[PDB]
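Enquirer: The structure follows.
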Amino acid sequence: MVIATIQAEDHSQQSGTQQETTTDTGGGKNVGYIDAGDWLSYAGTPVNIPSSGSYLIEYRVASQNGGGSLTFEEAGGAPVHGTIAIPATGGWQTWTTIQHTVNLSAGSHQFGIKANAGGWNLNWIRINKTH
């Protein structure tokens, strides 16, 4: 069950990145020019987590050469929720959905993404119930 979909370009603050048109399904925009240290804050759009427990976080990503990774966290960097490696997809507009699980506490969250290593683009993020 889907808690939220957040388009990557709908950040309230960012550092180091730039938006561009995407040719992924649904069109719109993606965030690109992502490098180590860069980040995206979604603090302007808090997401309500109905109950404490496991949530599946999905990322719609593209990467020419692989090697990237990100940290999913509370905006500001604490607490950190999880990390994920971003695989090569073979092109900057060749898209795939990756996922991992995190524990989240119940209540209103302001999420952020920190790039630990670049080389990837981001279309959207989706937060899902598991349990």
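Ordered as shown in the structure tokens, chains take letters A, B, and onward, while each chain numbers its residues from 1 and ligands are numbered from 1 in the order shown.
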When you look at residue 79 of chain A with a cut-off of 10 Å (counting only C-alpha atoms), what residues show up, excluding the ones that are within fewer than 5 positions of it in the same chain? I need them as a PyMOL selection string.

Expert: chain A and resi 72-74+104+111

Enquirer: Create the file for the chosen residues now, containing N, CA and C atoms and written as a PDB file, in the first residue's frame.

Expert:
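Output file out_9.pdb follows:
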```
ATOM      1  N   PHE A  72      18.879   7.546   2.497  1.00  0.00           N
ATOM      2  CA  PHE A  72      17.536   8.040   2.762  1.00  0.00           C
ATOM      3  C   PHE A  72      17.474   8.378   4.234  1.00  0.00           C
ATOM      4  N   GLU A  73      17.062   9.588   4.547  1.00  0.00           N
ATOM      5  CA  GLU A  73      17.191  10.099   5.905  1.00  0.00           C
ATOM      6  C   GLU A  73      16.101  11.084   6.199  1.00  0.00           C
ATOM      7  N   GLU A  74      16.039  11.512   7.446  1.00  0.00           N
ATOM      8  CA  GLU A  74      15.241  12.643   7.812  1.00  0.00           C
ATOM      9  C   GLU A  74      15.994  13.885   7.339  1.00  0.00           C
ATOM     10  N   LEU A 104      10.599   2.990  10.092  1.00  0.00           N
ATOM     11  CA  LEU A 104      10.184   4.366  10.311  1.00  0.00           C
ATOM     12  C   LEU A 104       9.276   4.422  11.519  1.00  0.00           C
ATOM     13  N   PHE A 111      11.526  14.019   4.784  1.00  0.00           N
ATOM     14  CA  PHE A 111      12.554  13.161   4.244  1.00  0.00           C
ATOM     15  C   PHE A 111      13.576  13.930   3.433  1.00  0.00           C
TER      16      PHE A 111
END
```

Enquirer: List as a tab-separated table every residue of segment 20-121 of chain A that is in contact with segment 3-8 of chain A, defined as an atom at most 9 Å from one of its atoms (using only C-alpha atoms), together with the nearest atom pair and the distance in Å rounded to one decimal, sorted by chain and then rising number.

Expert:
```
residue	atom	partner	partner_atom	distance
A:29	CA	A:8	CA	8.0
A:30	CA	A:8	CA	6.3
A:31	CA	A:8	CA	6.2
A:40	CA	A:8	CA	8.0
A:42	CA	A:6	CA	8.3
A:45	CA	A:6	CA	8.8
A:47	CA	A:4	CA	7.0
A:48	CA	A:3	CA	7.7
A:49	CA	A:3	CA	7.4
A:50	CA	A:3	CA	8.7
```

Enquirer: Residues of the last selection are to be written out with N, CA, C and O atoms, as a compact mmCIF listing (two decimals), in the first residue's frame.

Expert:
```
# COMPACT_ATOMS: atom_id res chain seq x y z
N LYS A 29 9.96 15.37 -15.24
CA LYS A 29 11.36 15.73 -15.00
C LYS A 29 12.09 14.73 -14.14
O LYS A 29 11.49 13.96 -13.42
N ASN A 30 13.41 14.74 -14.23
CA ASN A 30 14.24 14.02 -13.28
C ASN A 30 15.30 14.98 -12.75
O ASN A 30 15.55 16.04 -13.31
N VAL A 31 15.90 14.60 -11.63
CA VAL A 31 17.07 15.28 -11.10
C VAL A 31 18.30 14.58 -11.64
O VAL A 31 18.36 13.36 -11.69
N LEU A 40 18.96 16.34 -1.61
CA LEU A 40 17.63 16.77 -1.95
C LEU A 40 16.80 16.72 -0.68
O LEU A 40 16.82 15.71 0.04
N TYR A 42 12.95 17.09 1.00
CA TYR A 42 11.50 17.11 0.81
C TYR A 42 10.81 17.57 2.08
O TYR A 42 9.65 17.24 2.34
N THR A 45 7.18 19.03 2.10
CA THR A 45 6.05 18.13 1.96
C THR A 45 6.19 16.98 2.94
O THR A 45 6.60 15.88 2.56
N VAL A 47 5.47 13.76 5.10
CA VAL A 47 4.74 12.54 4.79
C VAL A 47 4.33 11.89 6.10
O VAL A 47 5.13 11.81 7.03
N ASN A 48 3.09 11.44 6.19
CA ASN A 48 2.59 10.84 7.40
C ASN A 48 2.81 9.34 7.38
O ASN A 48 2.40 8.65 6.44
N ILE A 49 3.48 8.83 8.40
CA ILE A 49 3.72 7.41 8.55
C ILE A 49 2.73 6.91 9.59
O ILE A 49 2.75 7.35 10.74
N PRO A 50 1.82 6.03 9.19
CA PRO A 50 0.69 5.70 10.08
C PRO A 50 1.03 4.84 11.29
O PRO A 50 0.33 4.89 12.30
```

Enquirer: Env of residue 131 of chain A: 12 Å cut, atoms = only C-alpha atoms, seq-sep filter 3 positions within chain, self excluded. Answer as a VMD selection string.

Expert: chain A and resid 1 to 2 50 to 56 101 103 128

Enquirer: Would you mind exporting C-alpha atoms of the selected residues as a PDB file, in the first residue's frame?

Expert:
```
ATOM      1  CA  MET A   1       0.000   0.000   0.000  1.00  0.00           C
ATOM      2  CA  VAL A   2       1.394   3.305  -1.175  1.00  0.00           C
ATOM      3  CA  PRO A  50       0.688   5.700  10.077  1.00  0.00           C
ATOM      4  CA  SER A  51       2.472   3.167  12.285  1.00  0.00           C
ATOM      5  CA  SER A  52       5.991   2.333  13.420  1.00  0.00           C
ATOM      6  CA  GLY A  53       7.592  -0.450  11.458  1.00  0.00           C
ATOM      7  CA  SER A  54       8.947  -1.611   8.158  1.00  0.00           C
ATOM      8  CA  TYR A  55       8.436   0.429   4.980  1.00  0.00           C
ATOM      9  CA  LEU A  56       9.627  -0.359   1.465  1.00  0.00           C
ATOM     10  CA  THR A 101      13.386  -1.590   3.526  1.00  0.00           C
ATOM     11  CA  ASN A 103      12.183   1.158   9.854  1.00  0.00           C
ATOM     12  CA  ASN A 128       5.126   1.760   0.741  1.00  0.00           C
TER      13      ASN A 128
END
```

Enquirer: Please list as a PyMOL selection string every residue within 12 Å of segment 22-25 of chain A, counting only C-alpha atoms and excluding residues in the same chain fewer than 5 positions away.

Expert: chain A and resi 7-9+30-32+60-62+91-97+121-124

Enquirer: Have a look at A:77, A:37, A:82, A:44 and name the one nearest to residue 58 of chain A; count only C-alpha atoms.

Expert: A:82

Enquirer: Mind pulling up the distance from atom CA of residue 20 of chain A to atom CA of residue 80 of chain A?

Expert: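 Going from atom CA of residue 80 of chain A over to atom CA of residue 20 of chain A covers 27.7 Å.
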